[PDB]
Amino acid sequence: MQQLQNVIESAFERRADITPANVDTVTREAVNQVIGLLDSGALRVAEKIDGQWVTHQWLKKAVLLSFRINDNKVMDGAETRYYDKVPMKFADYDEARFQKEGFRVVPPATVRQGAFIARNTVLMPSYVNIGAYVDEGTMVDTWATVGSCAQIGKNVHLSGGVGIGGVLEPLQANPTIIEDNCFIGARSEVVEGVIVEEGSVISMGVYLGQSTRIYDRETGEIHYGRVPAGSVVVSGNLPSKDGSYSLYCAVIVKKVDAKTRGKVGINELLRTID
């Protein structure tokens, strides 16, 4: 949408000098419009086109600017109080709306406005930050986090305490992406724009960033930045040249098979009852 993109790209250049007081109504209204569209899933920060994920840098820009244009407001918790500038997505939902949108939200799961949550998902107590997109069938297990602008595929299981990297701080070029049908094991973390290709199974306590060596013991091939579709990855180490010590790495031990599927399947009984 040019009328919106234009204003966004002009404002971004003046980011440092914009404040909630000096911002003109045009930039304010535009940024706000863009956040509502992300919130509804009409727009998304990254999308797959021709077998490639592309990032719309200007939607990322809008997310950033929202922090320069909005002022903080006291939010009343019950026993306590908060002071922040991004509204809560569900603050205004009624049963009819929850009923139509079709996902389950377990207290105290919290989602910021500007994040899209699809039908048939289950959010256990967890956090979904602004700009993120969580597709159909996915479960975000306890204390997991979906970082700003992150893209999560359909039928994905993000285990307890798992973290998917954001793009706000530290600042990142690209969002982190988890394709369809992946299983991410407990306490693992995927950051810095790494792409976990569809049907992959990441074991527990695996840490993937751009500097992480993803070693394929079968081919000897070492990857960086992505997990090839259908891999089973676990933690390991690679020895130094003198064998004096070893350093952490992720190892692709095999391709997903029946034995693997037996341990990571989604439970449909917990999904939306049509």
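Take the two forms, find the largest set of C-alpha atoms that superpose within 1.5 Å, and that set is the rigid core. When you see a residue number, it is the position in the sequence shown, counting from 1.
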Should one compare 165 to 173 and 78 to 86 by root mean square Cα distance from the shown form in 4 other deposited structures of this protein, core superposed, the larger belongs to 165 to 173
Higher of the two mean Cα B-factors (91 to 99, 131 to 139; per PDB record) comes from 91 to 99
Once average C-alpha B-factors are taken from the entry for 210 to 218 and 49 to 57, the winner is 49 to 57
When the entry's CA B-factors for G41, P239, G230, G205 are compared, the highest one belongs to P239
Comparing C-alpha B-factors across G77, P175, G161, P125 in this entry, the winner is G77
Chain-relative C-alpha B factor for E192 (record values, thirds): the lowest
Here the Cα B-factor of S235, set against its chain, lands in the third termed lowest
So, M1's CA B-factor, relative to its chain, sits in which third? The highest
Among the modelled residues of its chain, the C-alpha B-factor of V7 falls in the third labelled middle
Sorting the chain's modelled residues by C-alpha B-factor and splitting them into thirds places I273 in the highest
